[PDB]
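Please read the structure below before turning to the comments.
Throughout, numbering of the chain's residues begins at 1 and tracks the sequence.
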Amino acid sequence: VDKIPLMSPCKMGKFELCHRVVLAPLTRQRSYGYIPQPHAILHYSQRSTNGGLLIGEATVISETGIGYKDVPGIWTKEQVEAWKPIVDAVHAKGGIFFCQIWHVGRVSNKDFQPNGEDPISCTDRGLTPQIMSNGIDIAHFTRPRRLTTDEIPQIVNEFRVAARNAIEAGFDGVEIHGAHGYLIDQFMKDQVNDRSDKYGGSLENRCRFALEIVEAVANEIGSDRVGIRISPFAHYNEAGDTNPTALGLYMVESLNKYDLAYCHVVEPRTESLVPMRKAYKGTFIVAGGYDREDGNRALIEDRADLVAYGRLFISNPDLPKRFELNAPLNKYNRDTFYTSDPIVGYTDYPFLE
Ligand SMILES: Cc1cc2nc3c(=O)[nH]c(=O)nc-3n(C[C@H](O)[C@H](O)[C@H](O)COP(=O)(O)O)c2cc1C
């Protein structure tokens, strides 16, 4: 089989990656009681490769960052200890593991919050109800409390502490979750951020929160161990922007000075990531609808340095290998993306026969 660009080694920060197929972050809702579980050791281990980059599922930085059931956290000593074994399994196969640190912001309900308090956000406007992945149940959200100006630095601090805890659990680095309408994207998107203080009113102001987090995290553990994910063109969670391309350009240009390990950008569903890749001086990871053919073509056209896969990695533990041999791929079952079984639809997808 002819060699392909996707299998090419890549240097990223202090890391020497052996190939460019990246495991995208994937919330699977199987971390009972918000504590990483033993079955995660196997899941991540099955997808680990020597020098392959793995980005773990969104991980909550504090009690207020919960907007879903059984997603892992990393704010307690119990959670930190539960992560170590998982981090160890990935390391045992030569993998590079980044922990994605996350806060849902207004995408939550008072029932998920400490003492039944209201979710927090850049605004005080709640989300409209959405149909849950099972097509039957409906998710309802609580109108958030608008964070005050002086409270914001305390939230930036939670990302900082989470990043430190991630390092303590053995993670190679952390990915700041700045996408999909969650807390950070809420501050960035003008359809959401109607603040009238220094954290709103302009492109620069809307991005302040995101960049303040980058700085605190980078300072806490070193920029070469930090990455960030953004989705300028995504509208998920009523978080669109009137000028996506400019929003995106602004972020990658601002991110250059931090010398991060990488910038992970989600493809638009005329919108393009070409200008962003051109503006960003570091490692560029793209994601969103890629297959073997598109992945190689993105590298050939020099649109990215790394290509992250979500859905195909869910159903193909050995995706990098399958791509390399140009082998057939298991289909993925969305019906078990978010179910809670320790094995079904989680660790029971087959390796190349
Ligand atoms: C089941 C599932 C869980 C996801 N969980 C996360 C997450 O925790 N954090 C995140 O930033 N993106 C998350 N995503 C978005 C994916 O990382 C990825 O960007 C998206 O699936 C586009 O990729 P694809 O076409 O290769 O699947 C998730 C997607 C799916 C389908």
Practice prompt. Flag yes if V266 and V192 sit in one hydrophobic cluster, no otherwise; membership is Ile, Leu, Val, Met, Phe, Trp, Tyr, and two members link when side-chain heavy atoms are under 4.5 Å apart.
Written response: no

Fill in: Under 3.5 Å donor-acceptor, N165 side chain and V80 backbone
no

Discussion item. Side chain to side chain contact (heavy atoms under 4.5 Å, CB included) for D190 and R206? Distances and angles first, verdict last.
Written reply: CA-CA 8 Å; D190 64 25; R206 293 195 293 287; 3.6 Å; yes

Worksheet item: Hey, any chance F159 and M251 share a hydrophobic cluster, counting ILVMFWY side chains that come within less than 4.5 Å of each other, even indirectly?
Response: yes

Discussion item. Tell me if a side-chain donor or acceptor on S45 pairs with a main-chain N or O of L42 at a distance below 3.5 Å.
Written reply: no

Worksheet entry | Presence of salt bridge, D172 and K14, under 4.0 angstrom | no

Practice prompt. Before accepting this row, confirm whether a basic side-chain N of the pair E238/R106 lies closer than 4.0 Å to the acidic partner's carboxylate O.
Written response: no

Item to complete: Report, as yes or no, whether the 6.0 Å neighbourhood of atom CD on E301 holds more than 12 heavy atoms from other residues, nucleotides or ligands.
Response: yes

Worksheet item: Mind checking whether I96 and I228 sit in one hydrophobic cluster, side chains of I, L, V, M, F, W, Y counted as touching below 4.5 Å?
Response: no

Item to complete: Begin with the C-alpha distance, continue with both residues' side-chain angles, and end with the deciding distance and a verdict on side chain to side chain contact (heavy atoms under 4.5 Å, CB included) for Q186 and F209.
Response: CA-CA 10 Å; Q186 276 160 46; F209 179 63; over 6 Å; no

Fill in: Nearest atoms (heavy-atom pairs only) where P36 meets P72
CG-CB, 4.1 Å

Worksheet item: Of all heavy-atom pairs between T336 and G345, which one has the smallest distance, and what is that distance?
Response: OG1-CA, 3.5 Å

Item to complete: Determine the interplanar angle of the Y32 and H39 rings, folded into 0 to 90°, and report it as parallel if under 30°, tilted if 30 to 60°, perpendicular if over 60°.
Response: tilted

Worksheet, complete the sentence: Between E324 and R292, the two heavy atoms sitting closest are O-NH2, 4.1 Å

Worksheet item: Is atom CZ of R125 surrounded by more than 12 heavy atoms (other residues, nucleotides or ligands) closer than 6.0 Å?
Response: yes

Fill in: Heavy atoms of other groups near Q130 CD, more than 12 under 6.0 Å
yes

Worksheet item: Can any side-chain N or O of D224 pair as donor or acceptor with the backbone N or O of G13 at less than 3.5 Å?
Response: no

Discussion item. If hydrophobic clusters are built from ILVMFWY residues whose side chains come within less than 4.5 Å, do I184 and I55 share one?
Written reply: no

Practice prompt. Let me see the working for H177 and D185 under side chain to side chain contact (heavy atoms under 4.5 Å, CB included), right down to the final yes or no.
Written response: CA-CA 8 Å; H177 194 330; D185 200 37; over 6 Å; no

Item to complete: Heavy atoms only: give me the nearest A166-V174 pair and the separation to one decimal.
Response: CB-CG1, 3.5 Å

Worksheet item: Parallel, tilted or perpendicular: which fits the ring planes of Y309 and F323, with parallel below 30° and perpendicular above 60°?
Response: perpendicular

Worksheet entry | Nearest-0.5 Å distance that lies between atom OG in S231 and atom CD in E267 | 12.0 Å

Item to complete: Report the residue from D197, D118, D124 that forms a salt bridge (charged side-chain N to carboxylate O under 4.0 Å, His left out) with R146.
Response: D124

Fill in: For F171, the option from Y44, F97, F98 that meets ring-ring contact (aromatic ring centres under 6.0 Å, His included)
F97

Fill in: Residues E175 and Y262: side-chain donor-acceptor under 3.5 angstrom
yes

Worksheet item: Going by atom types only, do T123 and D194 share a side-chain donor-acceptor pair under 3.5 Å?
Response: yes

Discussion item. Minimum heavy-atom separation for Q113 and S108, please, with both atom names.
Written reply: NE2-OG, 3.0 Å

Worksheet item: Linking I/L/V/M/F/W/Y whenever any side-chain heavy atoms sit under 4.5 Å apart, do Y290 and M276 land together?
Response: yes

Practice prompt. Starting from the C-alpha separation in whole Å, work towards a yes-or-no answer on side chain to side chain contact (heavy atoms under 4.5 Å, CB included) for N296 and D294.
Written response: CA-CA 6 Å; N296 288 319; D294 300 332; over 6 Å; no

Worksheet item: Any side chain to side chain donor-acceptor pair (under 3.5 Å) pairs touching residues 339-353, not counting sequence neighbours?
Response: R30-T339

Item to complete: Share the residues that join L127 in a hydrophobic cluster, the rule being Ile, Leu, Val, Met, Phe, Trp or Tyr side chains under 4.5 Å apart at the heavy-atom level.
Response: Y34, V60, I66, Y68, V71, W75, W102, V104, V107, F112, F141, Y182, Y236

Worksheet item: Do the side chain of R208 and the main chain of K198 share a donor and acceptor less than 3.5 angstrom apart?
Response: yes

Worksheet item: So which heavy atom on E63 is nearest to which on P114, and how close?
Response: CB-CG, 3.2 Å

Item to complete: Give a yes or no on whether a salt bridge exists between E220 and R164, defined as a side-chain N under 4.0 angstrom from a carboxylate O.
Response: yes

Worksheet entry | Plane angle bin for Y332 and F337 - parallel if under 30°, tilted between 30 and 60°, otherwise perpendicular | tilted

Item to complete: Look at atom NZ of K84 and say whether more than 12 heavy atoms of other residues, nucleotides or ligands are closer to it than 6.0 Å.
Response: yes

Worksheet item: For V156, does its backbone N or O pair with a side-chain atom of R160 as donor and acceptor, under 3.5 Å?
Response: no

